[PDB]
Amino acid sequence: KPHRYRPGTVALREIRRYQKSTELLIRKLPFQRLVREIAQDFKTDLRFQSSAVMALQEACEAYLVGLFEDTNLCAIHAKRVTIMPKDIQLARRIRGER
Amino acid sequence: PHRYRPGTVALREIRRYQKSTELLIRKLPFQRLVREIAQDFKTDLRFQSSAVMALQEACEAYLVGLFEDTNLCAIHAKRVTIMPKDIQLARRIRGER
Amino acid sequence: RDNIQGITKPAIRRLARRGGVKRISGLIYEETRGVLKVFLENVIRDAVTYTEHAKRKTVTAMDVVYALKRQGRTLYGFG
Amino acid sequence: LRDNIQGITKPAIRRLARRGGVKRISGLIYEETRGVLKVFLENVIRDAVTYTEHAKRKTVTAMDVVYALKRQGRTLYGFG
Amino acid sequence: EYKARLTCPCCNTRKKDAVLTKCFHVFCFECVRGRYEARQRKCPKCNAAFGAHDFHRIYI
Amino acid sequence: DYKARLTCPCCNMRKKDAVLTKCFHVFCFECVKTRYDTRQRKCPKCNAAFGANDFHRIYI
Amino acid sequence: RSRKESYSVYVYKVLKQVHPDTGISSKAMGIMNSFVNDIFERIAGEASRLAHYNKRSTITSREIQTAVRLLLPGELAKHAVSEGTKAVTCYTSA
Amino acid sequence: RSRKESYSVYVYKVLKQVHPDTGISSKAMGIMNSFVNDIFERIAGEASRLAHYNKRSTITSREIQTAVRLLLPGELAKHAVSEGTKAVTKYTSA
Amino acid sequence: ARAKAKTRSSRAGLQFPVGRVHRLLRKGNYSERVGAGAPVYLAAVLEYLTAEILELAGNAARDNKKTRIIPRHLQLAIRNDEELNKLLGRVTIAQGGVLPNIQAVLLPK
Amino acid sequence: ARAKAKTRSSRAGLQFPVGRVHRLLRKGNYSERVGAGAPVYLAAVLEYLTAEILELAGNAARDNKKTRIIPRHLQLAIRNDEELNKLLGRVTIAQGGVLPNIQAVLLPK
Amino acid sequence: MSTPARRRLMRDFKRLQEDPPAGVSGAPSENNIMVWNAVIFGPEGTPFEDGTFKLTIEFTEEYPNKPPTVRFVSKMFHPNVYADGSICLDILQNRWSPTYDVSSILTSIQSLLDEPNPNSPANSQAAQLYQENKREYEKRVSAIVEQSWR
DNA sequence: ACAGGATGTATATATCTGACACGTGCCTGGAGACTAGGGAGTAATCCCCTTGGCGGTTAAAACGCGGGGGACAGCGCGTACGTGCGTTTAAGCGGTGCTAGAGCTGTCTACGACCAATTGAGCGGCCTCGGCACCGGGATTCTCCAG
DNA sequence: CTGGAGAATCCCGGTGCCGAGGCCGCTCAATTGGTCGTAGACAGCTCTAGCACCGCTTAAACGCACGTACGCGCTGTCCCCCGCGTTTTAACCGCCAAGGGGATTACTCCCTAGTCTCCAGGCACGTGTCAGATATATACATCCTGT
Ligand SMILES: [Zn+2]
Ligand SMILES: [Zn+2]
Ligand SMILES: [Zn+2]
């Protein structure tokens, strides 16, 4: 007999796991490729320090985690547990980013 | 006799107060409130009338912005009546709490 | 004392109307007159510290403007 | 280097959401998460490149990135 | 068809060279001035009311 | 002849569908939108200034 | 009998340059003065902070250029840079 | 072969004074250095702004105390000004 | 007896005071030395921004059939323009009011 | 052969350098003149803040049963104390993580 | 044929071929259509008579919405030209209109040749010589005219 | 949906009025000319680290499938909030009076910038060992499904 | 709701390493001691404005009653998200190579600080006049209930 957890238990387990660790969650090489692509629009043939790319990645992950906390608060306020783009838009509008 | 259904006078008031620019709080009670709050920092301070006016401008602007945000929250909650939960959510999102 | 009640229910209602609120629940007036006094305490404390650094006894509009500017709430029209 | 925004994968976004305390995630979240991240990166990188080209060098430095972040009111520690 | 589209729908003889400011239909000159001098501030298209300041010349 | 007559004169690519109520000249709408949002709030033809309310969609 | 400085005269000349037949309230002039002072403070502080980053002791037109690019968004920045460059070229030529 | 200065030595001495038997990572030291630089910049800027406001040309201990009161909140500010006054009094007595 | 004095603002084709800007830069304790073209550039930028806001405010005042610009007109001009709104997003204008808007949900239907 | 040099930090009974603070204030272009007690006061305040954060971080590390302080411990110490959290509310700590907390609604019951 | 700016330049070229204004001509650079070489004849009744002025003009893809960069190649003596040939004109910096074409630009330049703008004294020496001494100013203009033939 | 009554609401006219735009004396700060020195522009050189490439492992991403839980629509109830009207109440305005303190001026002294000479403490480099991450194995615990 | 199976979590032990910590030049930055010009402390005069009070109007806050529209609870459904196994992909680590560009040092020269003189732009002060607010009688659009 196969064993399956109820939907949500492993979700809570992995929330506990990722709220305890501190490693970077985005894959470094694709993040670097994305950074170079975006920077291509301002100055061609730019060179980047590895420390600079790491600083960018750290800042983005912190920003996205904060945004997701705000989104979760909005979703809970809407009396539901699933986050939808209207919640992200509400959070960004209240914070003054849109 | 004549009777307006609820929501019409409210809309007229929204249109009216979004068009004018006067201070929406009475001057003397606000001045007394400011003097009362300031008295716990130092005794018998004095205030300039322009200083009190600046405080009142800032307070009304802040409250109006907060009420716009709380209206957005209430609409997001599939409601039209704002409630203190909405104010708390707006304050928490803006990082004031 | 007891001057927070000067921020009356109709005054809060018309502030909400300017903000764009259709209808207001009855528990909001107490919440908002607490929010207002928290904001006022934060601004007035900075204004008074400015004043007392200046060795003055009267709070000036310029001190209030500086206190607001210290909180990212720059105000135009008072100096 | 074209169309690299898809490198920010669905499982990575879910991991970020879990660190944010999110239990259930709608299927549409990923696209605007991509969009928000793109907007944030353009905003930061524009200022970083501005600093770099004002310094008259072809290399973007972590110091420039820190300066750009601080200019947006989100100072970052641990990079000088 | 170009002449028909360029001609006023009131008389179907003369070039469309004027518009009504609040309703934004394009008609002739003397067609609208005759209507106004006859006191009929009245659109043949959308029936809208107008005044002396509600029309002006327009050139191609 | 007719094509150029009824094509927007500044771009000469598409059709006239807008009027600038200050100078009452006619251009195509997106030229106008672009000159506004790029903040050249100035008439291409008669060099007159205009605001967000001095231009509107017209149908010819 | 203190002498206090403001930008009222220059704002008034600019207003009559743009709208030849439009006035301005006294309270609006105060707001324009506050706005001018605020923008001046922003740009000067950013330029000084840049000069400090680059271990330089002189604020020249380049720092003002870069500070404008950093502060003003998009098309405003583009036009402001264009105006500043034109003014500097005109001043150097004359 | 440029030399760069930091507060690593003093942070380590303070750590040894507080927790005599605790270590600190290299990366944590970087965070402490950034924190010290940040607080220094904040207080220095606020004190300079006070000096400019009062048409004063000198940054004395009074401006530093006022800036500390403006920045630090509540009980933290009280303790900070207490330590500052104690240190300046001891220095003047010495 | 030396030569006819010409103001730097006139020399650069500007209405804003170049000399006053230079004095404020040197007295504001921003840097040890100040370049020659820096006040010119700063004055030009300030003049351009002032002209932009005044032009929009004049348009707004004209749209209300008034010939004098007031803080309400300034507020409307700033908040209706996206870039100026972004530049002055954390600025409160005294006696300026707000922009008239109502969420579509609240509208009757 | 004047006298044995006593450091100003030692005179003030502080571990932080007073001379370095004075040099940074004079070089930092904050004002043209700097008082005598200003570097002393600033050094004392910086020392007190550093001591507070280090004590909290050491307590956090001892809670986790480690003997070294890492950015995770620094982040925990910062985010747990309300005063420090307010002071550093707009600060990102590299390799810091987040406070472990889950909203009560999400928990099953 | 790919871009609207390129097509606009194509009509500019064909109009300059079929009905050029008096005393003006132009052509693309062979390897770069964005580069425009133009020859302007000095206006009649002016000191610039007998002049054969070489011009270079550089466009981008956002033509006609922006005034291009126009530069004199031969040495020029005009109050409104910089020493390098930089050109400061109303339609070229301040009142550009997308309806304008290269033919209009050349005609406006020729108009400036007769009527220098005192509000843009790019060459201070030339402005001063025009302002108080027309005789030696036009002597200098004749010198640049005879110099432009080579 | 339609139409008429009632109520805000937009409109044109006349009139007060007080704030603004213009004019004037004057005064002080910006312009002009000059001198001096050091900030930085430029060139030259060294070598660091950044980019690019290749290959093997394998961890993570992508896909698919089954199921079930939660988002959403719909319905009913009750209560609380908007609306209107009659009754306080005190904000607001004017007028007067008092004096505390902001603000300016003039004197004078301690104090901070500047310089030159001296020395010791922090930085760079260079060992050295133990705190900790990791791999293995045993004990404990939470959750799910059958009972 | 009460028990076993299983997967996940926690605890203990050995081990290897590489990063924290102590030690040694030495060099530059901190210290010490005079010197002097001046910025700031301080006394004194003033007269501006903040505070206090009183009386009258009336705009606004207050309180009550009603009804109805919205908040909230309950229910059904179905579809969209989650848990999981398998396969595919490319991230990642390790190594190697070339060189572009960042990081120094020297030299000089031109640009900006500092000073003295002067004169004209801008500031305080008056002043009349027109933009705008207000009162009033309209034409007109908008809501509400009966049809
Ligand atoms: Zn007709
Ligand atoms: Zn067009
Ligand atoms: Zn026109």
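Residues numbered from 1 in each chain as written, not as in the entry; some residues may be left out. Chains lettered and ligands numbered in written order. Heavy atoms only, no water. Residues with missing side-chain atoms left out of burial classes, pairs and counts.

1. As for the nonpolar core
Soluble, globular proteins show a tendency: their nonpolar side chains are buried together.
At step 1: Within the largest apolar cluster, 174 residues are counted, with the highest numbers of intra-cluster contacts made by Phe31 and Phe68 of chain A, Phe30 and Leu55 of chain B, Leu40 of chain C together with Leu41 of chain D.
At step 2: Apart from the residues lying within four places of it in its own chain, the contact partners of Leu41 of chain D are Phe31, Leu34, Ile38, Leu56 and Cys60 of chain A.
At step 3: If you look at the next biggest cluster of nonpolar residues, it comprises 69 residues, including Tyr10, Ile39 and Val81 of chain G together with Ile69 of chain I. (Core = buried A, V, L, I, M, F, W, Y, C linked by side-chain atoms within 4.5 Å. Buried < 20%, exposed > 50% of the residue type's maximum accessible area, 1.4 Å probe, protein only. Contact = heavy atoms within 4.5 Å.)

2. Things to note about the protein's contact with DNA strand L
At step 1: Around DNA strand L sit 75 residues in total, of which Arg6 of chain A, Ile24 of chain C, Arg15 of chain D, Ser26 of chain G together with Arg2 of chain J are the nearest.
At step 2: Here the atoms of DNA strand L within 4 Å of the protein split so that 94% fall in sugar or phosphate, with bases taking the remainder.
At step 3: Between DNA strand L and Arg6 of chain A there is a distance of 2.8 Å, counted from a phosphate oxygen to a side-chain nitrogen or oxygen.
At step 4: In the model, a base oxygen of DNA strand L is placed 3.0 Å from a nitrogen or oxygen of the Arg3 of chain B side chain. (Near = heavy atom within 4 Å. Polar contact = N/O pair within 3.5 Å; in protein donor to acceptor, adjacent residues only side chain to side chain.)

3. Considerations on the coordination of the zinc ion (ligand 3)
At step 1: For the zinc ion (ligand 3), every protein donor is listed as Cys23 of chain F (SG), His25 of chain F (ND1), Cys43 of chain F (SG) and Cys46 of chain F (SG), and the spread of their distances is 2.1 to 2.3 Å.
At step 2: For the zinc ion (ligand 3), the 4 donor atoms in the first shell make angles of 83 to 123° at the metal, a pattern classed as irregular. (Donors = N, O, S within 2.8 Å, 3.2 Å for Na, K, Ca; no water. Tetrahedral: all angles 85-135°; square planar, octahedral: opposite > 155°, others 65-115°.)

4. Notes on the packing of helix α3 (residues 50-77) of chain A against helix α4 (residues 85-95) of chain A
All names here are of chain A.
At step 1: At a minimum axis separation of 8 Å, α3 and α4 run at an interaxial angle of 110°. Taken together, the axes of α3 and α4 lie roughly perpendicular to each other. On α4, the residues touching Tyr63, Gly66, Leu67, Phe68, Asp70, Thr71, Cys74 and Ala75 of α3 are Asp87, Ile88, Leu90, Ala91, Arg92 and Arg95.
At step 2: Looking at the contact of α3 with α4, its residues break down into 8 nonpolar, 2 polar and 4 charged. (Axes fitted to C-alpha atoms, helices over the stretch in contact; angles between N-to-C directions. Helix = DSSP H or I, 4+ residues; strand = E, 2+ residues; numbered from the N terminus. Parallel < 35°, antiparallel > 145°, perpendicular 65-115°, else oblique. Nonpolar A, V, L, I, M, F, W, Y, C, P; charged D, E, K, R; others polar.)

5. Some details on the packing of aromatic side chains
At step 1: With the rule as written, the count across this model stands at 28 aromatic pairs over all chains.
At step 2: A centroid spacing of 6.0 Å and a plane angle of 55° characterise the contact between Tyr50 of chain C and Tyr66 of chain C, whose relative ring orientation is tilted. Highlighted residues: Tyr50 of chain C in helix α2 (residues 28-53) and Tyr66 of chain C in helix α3 (residues 61-69), separated in sequence by 16 residues. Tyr66 of chain C shares its class with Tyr50 of chain C; the two are buried.
At step 3: Taken together through their ring pairs, the aromatic side chains of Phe29, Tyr36, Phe50 and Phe55 of chain F make up a single cluster.
At step 4: Against the face of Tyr4 of chain B rests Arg12 of chain B, its NZ or CZ located 5.1 Å from the ring centre. (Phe/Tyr/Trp six-rings, centres within 6.5 Å; stacked < 30°, edge-to-face > 60°. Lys NZ or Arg CZ within 6 Å of the ring centre and 35° of its normal.)

6. With respect to the UniProt feature "zinc finger region: RING-type" in chain F
At step 1: According to UniProt, the positions carrying the feature "zinc finger region: RING-type" are residues 8-47 of chain F.
At step 2: Along residues 8-47 of chain F the backbone is 22% helical and 15% strand, and the end-to-end C-alpha distance reaches 16 Å. (UniProt positions renumbered as here; feature names shortened; annotations may be inferred.)

7. Regarding the coordination of the zinc ion (ligand 1)
Residue and element names in this part refer to chain E.
At step 1: All of the protein donors around the zinc ion (ligand 1) are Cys8 (SG), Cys28 (SG) and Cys31 (SG); their distances to the metal are 2.1 to 2.7 Å.
At step 2: Going along the chain, you hit the donors of the zinc ion (ligand 1) in the pattern C-x19-C-x2-C. A residue pair is termed long-range when its members are at least 10 positions apart, and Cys8 in the loop between α1 (2-6) and β1 (18-20) and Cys31 in helix α2 (residues 30-37) qualify at 23 residues. Each of the two residues, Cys8 as well as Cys31, counts as buried.

8. Here we look at unusual backbone geometry
At step 1: Across the junction of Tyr63 of chain K and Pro64 of chain K, the peptide omega takes the value 5°, indicating a cis bond.
At step 2: Tracing the sequence through the fold places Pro64 of chain K in the loop between β3 (52-58) and β4 (69-72).
At step 3: You will see that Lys56 of chain D, though not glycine, has its phi angle at about 65°, which is positive.
At step 4: As for its placement among the helices and strands, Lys56 of chain D is situated in the loop between α2 (29-54) and β2 (59-60).
At step 5: Backbone geometry at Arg39 of chain E places phi at a positive 65°, although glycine is not the residue there.
At step 6: You can see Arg39 of chain E is positioned in the loop between α2 and β3 (55-57).

9. Some words on the pattern of salt bridges
At step 1: Counting across every chain of the model gives 36 salt bridges over all chains.
At step 2: One salt bridge connects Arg5 of chain F with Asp1 of chain F, and the closest N-O pair in it is separated by 2.4 Å.
At step 3: Looking at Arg5 of chain F, the relative accessible area reads 41%, which means it is partly exposed.
At step 4: A salt bridge links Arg15 of chain K to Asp101 of chain K, with the nearest nitrogen and oxygen atoms 3.3 Å apart. Of the two residues, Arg15 of chain K is situated in helix α1 (residues 4-18) and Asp101 of chain K in the loop between α2 (90-94) and α3 (102-114); the sequence distance between them amounts to 86 residues.
At step 5: Assessed through its relative accessible area of 37%, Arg15 of chain K is described here as partly exposed.
At step 6: Its relative accessible area of 17% is what places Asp101 of chain K among the buried residues.
At step 7: Salt bridges sharing common partners tie together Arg39 and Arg41 of chain F together with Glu52, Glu55, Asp81 and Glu83 of chain I. (Salt bridge = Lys/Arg side-chain N within 4 Å of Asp/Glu carboxyl O.)

10. Considerations on helix α1 (residues 9-18) of chain A
At step 1: Within the span of α1 of chain A, buried status applies to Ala11, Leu12, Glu14, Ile15 and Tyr18 of chain A. Along the axis of α1 of chain A, the buried positions cluster into a sector of 165°, meaning they face one direction only.
At step 2: At its buried positions, α1 of chain A is contacted by α1 (10-19) of chain D. (Arc of directions from axis to C-beta.)

11. Observations concerning the side chain of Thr22 of chain G
At step 1: Position of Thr22 of chain G among the secondary structure elements: in the loop between α1 (8-18) and β1 (23-24).
At step 2: On the basis of relative accessible area, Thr22 of chain G is assigned to the buried category, the value being 10%.
At step 3: Not counting residues within four places of it along the chain, the set of residues in contact with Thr22 of chain G comprises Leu15 and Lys16 of chain G together with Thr67 and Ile69 of chain I.

12. Brief notes about the interface of chain D and chain H
One frequently used descriptor of interface size is the decrease in accessible area upon assembly of the parts.
At step 1: Taken residue by residue, the interface counts 5 residues in chain D and 6 residues in chain H.
At step 2: Summed over both sides, the interface between chain D and chain H buries roughly 430 Å², with carbon and sulfur atoms accounting for 49% of that surface.
At step 3: Looking only at chain D, the three residues that lose the most surface to chain H are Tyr77, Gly78 and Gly80 of chain D, adding up to 83% of its buried area.
At step 4: At the boundary of chain D with chain H, the tally comes to 1 salt bridge.
At step 5: Inspection of the chain D/chain H interface yields 1 residue pair in polar contact.
At step 6: Its residues placed into classes, the side of chain D that touches chain H shows 2 nonpolar, 2 polar and 1 charged. (Buried area = accessible area lost by both parts, 1.4 Å probe.)

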